[PDB]
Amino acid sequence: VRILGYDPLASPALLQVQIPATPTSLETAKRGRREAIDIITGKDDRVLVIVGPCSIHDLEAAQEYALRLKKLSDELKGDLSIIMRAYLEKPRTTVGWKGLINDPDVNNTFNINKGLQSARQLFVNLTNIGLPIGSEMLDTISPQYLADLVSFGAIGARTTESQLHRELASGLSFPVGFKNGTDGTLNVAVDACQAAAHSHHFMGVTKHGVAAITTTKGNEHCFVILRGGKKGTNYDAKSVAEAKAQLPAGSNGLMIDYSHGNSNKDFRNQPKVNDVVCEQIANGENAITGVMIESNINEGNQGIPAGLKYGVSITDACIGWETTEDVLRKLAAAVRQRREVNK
């Protein structure tokens, strides 16, 4: 009675054959995962950086943003391990555009088959230039379509407490960042990381598009992402120390989100969070092993009226490209100074 209808869906295995990953795409995803692992588990002293748009609505602009980011990654690879944000799924406050899978046409036609094709084509195009990607793992079905492409998964502030997303994370073959909750408190992420580290058994969709009982192995590469919230921002040295005091033995290093609840409603604050983070890093802070940045070709955002401006987010406001380059070069400087401190 509250189901209007059911529309047929291509299976993951079918889409995978229709839109094959190239050798370079696969190698790139596996390398992004290796690097990310070595960073969050303390083998490598670079910083892991998840940077790029709040969301992708335009494959072409995303390809342009990706070329510029790959060129900067090649320059800064001694110091930073860069993964593009290629976020396909957007959790809303109430209602609103959910991303490129859900409504690729951004006009309320909900052509999900075309979204999945667009998403997977997008993921092959990005990783095919040797730039690893990451996305929020919001949907528990869509990762079957995409995950051979993905080097980093986030669980959002609004789904960190959810048992289903913890279950999902325990069966993903790549590192997973759990956001702290929207109230700004870290306990729920730390609990999520503990839960996701265990084996889970749950009903899930397989590559053939049918439900089966899944057993996961447990994901030892989950870590906490600090992204502020109601109680205040949490990127400063005191908030970090407070976070370090509640991590259990076995913990991975922390990531700091410059945007969202750490930006205080203003994308112009991302560079000021960077200054504070860099000062911690440059001074010896080893527990901060990653950062996340909402960056686009151009700054700010816009409403949805294809009468959209090029390279401008239609979800959260982003810093523009030239500011991103400043931010990243500053962070790379900071990473270098930390090595001096560590000797």
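Heads up: residue numbers just count along the shown sequence, starting at 1. In this text, rigid core is short for the largest set of C-alphas that superpose within 1.5 Å between two forms.
Core-fitted comparison in 8 other deposited structures of this protein shows that, between 1 to 9 and 333 to 341, the CA atoms farther from the shown form belong to 1 to 9. The records show that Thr94 is omitted from the coordinate set of at least a third of the other eligible entries of this protein. Among other compared entries that model residues flanking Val277, every one gives it coordinates, keeping it clear of the one-third cutoff. The modelled chain breaks between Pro305 and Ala306, where 4 to 9 residues of the deposited sequence lack coordinates. Averaged over their C-alpha atoms, the temperature factors of 240 to 248 and 137 to 145 are higher for 240 to 248. Higher mean CA temperature factor between 67 to 75 and 167 to 175: 67 to 75, per the PDB entry. For the set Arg158, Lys230, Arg227, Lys90, the PDB entry assigns the largest Cα B-factor to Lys230.
Out of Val205, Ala154, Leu254, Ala192, it is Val205 whose C-alpha atom has the highest B-factor in the PDB entry. When the modelled residues of the chain are ordered by C-alpha B-factor, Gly218 sits in the lowest third. Ranked within its chain, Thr289 lands in the lowest third, by CA B factor from the PDB record. Sort the modelled residues of the chain by CA B factor and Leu26 lands in the highest third.
For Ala211, the recorded CA B-factor ranks within the highest third of the chain. Only modelled residues enter the ranking.
Among the modelled residues of its chain, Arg34 has a C-alpha B-factor that falls in the middle third according to the deposited record.
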